[PDB]
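Numbers restart at 1 for each chain; the letters A, B, ... are given by sequence-line order, proteins then strands. Side chains included, hydrogens not; waters and symmetry mates left out as well; all remaining heavy atoms used.
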Protein chains: 4
Amino acid sequence: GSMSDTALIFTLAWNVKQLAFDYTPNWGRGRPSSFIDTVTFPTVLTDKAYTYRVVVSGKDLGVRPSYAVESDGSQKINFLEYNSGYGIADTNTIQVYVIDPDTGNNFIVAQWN
Amino acid sequence: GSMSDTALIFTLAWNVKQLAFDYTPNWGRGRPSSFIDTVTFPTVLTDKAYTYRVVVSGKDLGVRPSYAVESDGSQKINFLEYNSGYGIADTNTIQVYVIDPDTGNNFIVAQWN
Amino acid sequence: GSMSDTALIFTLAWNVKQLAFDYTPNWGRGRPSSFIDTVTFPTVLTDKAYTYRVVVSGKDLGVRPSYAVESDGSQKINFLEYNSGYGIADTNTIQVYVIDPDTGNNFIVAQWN
Amino acid sequence: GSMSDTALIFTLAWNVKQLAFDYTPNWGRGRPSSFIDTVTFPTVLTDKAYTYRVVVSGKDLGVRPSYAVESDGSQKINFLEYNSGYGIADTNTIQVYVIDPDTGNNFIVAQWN
């Protein structure tokens, strides 16, 4: 089942006081325009050196080094680094996982269909 | 025991995409200056009509109507409304709970000692 | 909004390994039978000295000392202790909150209507 | 940072009422005895068709079909299925992730070193 997130947010607030994130995926199109080639998150967490896994149509493309968190707080995942130098035809399913370096845990942060 | 909040934040991020809060307590002093008379949170949640309970030195002063969330995102709790028109000597312990209107749950968001 | 509890359960599992609870409310009827006089939880947490608040029809009856966690893992809340020695007519709304002694937080664990 | 799990457990309790799990890893040794060949969890979740990924010394061995949840509530991960038919020398690091089929999320449930 599911549960309301109110108690979790206030528990988080009491512990960390201040938190701002924005994982709204901004998908970048490549060449040709029907190719998805990047995804950008406007405000990522910065407390650890997070890395990202990409899965295309059920195929695990693995993990690559992260581009930097930029001064505007954003972080870009370049799918060319994962897909042998190519973007991804936008008919495919794309899933992007962030990886917690303390555990190896994978959490979905972007999905395209 | 305790647990790392990483998995909870990313689970929250996936669901709500964007969240910014700041419950760093800004304590206001009154008359005399050794009296605590308000507490202000710079960026509160706005998804529900949250209310606040105040407890002073183990005595539950109860719940009062909320002042508004202001255009800068802040919300003020005026202890005069709870303590029969008086501020609170700063030697006391003060605890402020936010109340989830869907459940009646109380969550600590500010403590003075 | 809400979120799936899967990630929270597995995060909990990794940290505590083993957990069993059962807060299915067992409501006891008193004299007359149309009075609710107790509520029992079959398997409560035992890591802290939890206490309970009772609210009847919007009136906060406050907190009382806990009866013991029994050898079968159960814990009983006797509404007579909270309501001046009387049970509660079953037309009323009843809400039972458990209180975390580390924070003062109140969490709903039983509601009657 | 970290946070106390009290609020999460009681939020879970209110929603699901009853929950029992036990992910204490029981490691099985193979042939020779210095090989780790299985890991068993005494009481797994059963609400979804969870699958497991195994990582040995930083190498992702991938995902395989799950053995069944047995009538005693247990579930076994046979490392022979993941490691080309072989157990794992117990000097290696082994990490077992459970995978949420709704999201693809990976959560650590067992680690050997």
Side-chain angles (χ1 to χ4, degrees), chain A residues 5 9 12 19-113, chain B residues 4-7 9-21, chain C residues 1-4 6-7 10-11, chain D residues 53 55 60 62-63 97 99-108:
Chain A
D5 53 22
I9 300 181
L12 210 54
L19 180 53
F21 62 75
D22 186 349
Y23 281 85
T24 311
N26 288 42
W27 302 94
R29 292 182 170 279
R31 305 180 201 182
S33 70
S34 58
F35 266 36
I36 306 300
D37 80 312
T38 66
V39 69
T40 307
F41 300 119
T43 312
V44 299
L45 303 183
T46 57
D47 64 309
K48 317 176 191 189
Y50 298 106
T51 52
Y52 303 91
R53 171 194 312 279
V54 172
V55 175
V56 180
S57 293
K59 187 180 189 180
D60 178 15
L61 303 186
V63 186
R64 301 298 187 257
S66 304
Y67 291 4
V69 183
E70 298 196 337
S71 67
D72 66 358
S74 75
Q75 192 168 32
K76 175 145 61 185
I77 293 86
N78 178 2
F79 295 138
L80 272 57
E81 307 275 8
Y82 293 72
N83 190 39
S84 304
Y86 299 99
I88 305 160
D90 64 2
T91 52
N92 284 279
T93 291
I94 311 172
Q95 293 162 129
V96 179
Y97 296 85
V98 69
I99 302 177
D100 178 9
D102 298 343
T103 55
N105 288 353
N106 282 218
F107 310 95
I108 184 94
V109 281
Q111 185 168 141
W112 179 270
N113 286 272
Chain B
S4 147
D5 53 22
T6 306
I9 300 181
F10 284 132
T11 306
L12 210 54
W14 175 238
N15 279 281
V16 316
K17 313 302 179 192
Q18 192 264 325
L19 180 53
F21 62 75
Chain C
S2 34
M3 62 190 179
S4 147
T6 306
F10 284 132
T11 306
Chain D
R53 171 194 312 279
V55 175
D60 178 15
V63 186
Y97 296 85
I99 302 177
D100 178 9
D102 298 343
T103 55
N105 288 353
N106 282 218
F107 310 95
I108 184 94

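Rounding to the nearest 0.5 Å gives a distance of 10.5 Å between OG1 of A:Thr91 and CH2 of A:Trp112. Rounded to the nearest 0.5 angstrom, A:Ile88 CD1 and A:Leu80 CG are separated by 8.5 Å. With rounding to the nearest 0.5 angstrom, the CD atom of A:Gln95 is 7.0 Å from the CG atom of A:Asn113. A:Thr40 contributes atom OG1, which lies 6.5 Å from atom CG of A:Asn26 (distance to the nearest 0.5 angstrom).
Ring-plane geometry between D:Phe107 and A:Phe107 is classed as perpendicular, the angle between the planes exceeding 60 degrees on a 0 to 90 degree scale with a lower cut at 30. Ring orientation note: the planes of A:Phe21 and A:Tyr23 are tilted relative to one another, at an angle of 30° to 60°.
Within a 6.0 Å radius of NZ in A:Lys48, other residues, nucleotides and ligands contribute more than 12 heavy atoms. Surrounding NZ of A:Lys76 are at most 12 heavy atoms belonging to other residues, nucleotides or ligands under 6.0 Å away.
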Starting from the C-alpha separation in whole Å, work towards a yes-or-no answer on side chain to side chain contact (heavy atoms under 4.5 Å, CB included) for A:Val96 and A:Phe79. CA-CA 10 Å; A:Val96 179; A:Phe79 295 138; 3.6 Å; yes

For side chain to side chain contact (heavy atoms under 4.5 Å, CB included), just list the numbers for A:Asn105 and B:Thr6, CA-CA rounded to whole Å, side-chain angles, deciding distance to a tenth of an Å, and then say yes or no. CA-CA 10 Å; A:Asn105 288 353; B:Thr6 306; over 6 Å; no

Evaluate the side chain to side chain contact (heavy atoms under 4.5 Å, CB included) criterion for residues A:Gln111 and A:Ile94: first the C-alpha distance (whole Å), next the side-chain angles of each, then the deciding distance (0.1 Å), finally the verdict. CA-CA 6 Å; A:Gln111 185 168 141; A:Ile94 311 172; over 6 Å; no

Test A:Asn83 against A:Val56 for side chain to side chain contact (heavy atoms under 4.5 Å, CB included), laying out the working first. CA-CA 9 Å; A:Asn83 190 39; A:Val56 180; 5.6 Å; no

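No side-chain heavy atom of A:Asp5 sits less than 4.5 Å from a side-chain heavy atom of B:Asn15.
A donor-acceptor pair under 3.5 Å links the side-chain atoms of A:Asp60 to the main chain of A:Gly62, judged by distance alone. Listed for the A:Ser74 side chain is no donor-acceptor partner under 3.5 Å among the backbone atoms of A:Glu70. Judged by distance alone, the side chain of A:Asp37 and the main-chain N or O of A:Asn78 form no donor-acceptor pair under 3.5 Å. Side-chain atoms of D:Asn106 come within 3.5 Å of backbone N or O of D:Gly104 as a donor-acceptor pair. Proximity of a side-chain donor or acceptor of A:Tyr82 to a complementary backbone N or O of A:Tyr52 within less than 3.5 Å is detected.
Two rings, from B:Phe10 and A:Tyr50, have their centers less than 6.0 Å apart.
Defined by atom type and a distance below 3.5 Å, a donor-acceptor pair is missing between the side-chain atoms of A:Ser34 and A:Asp90.
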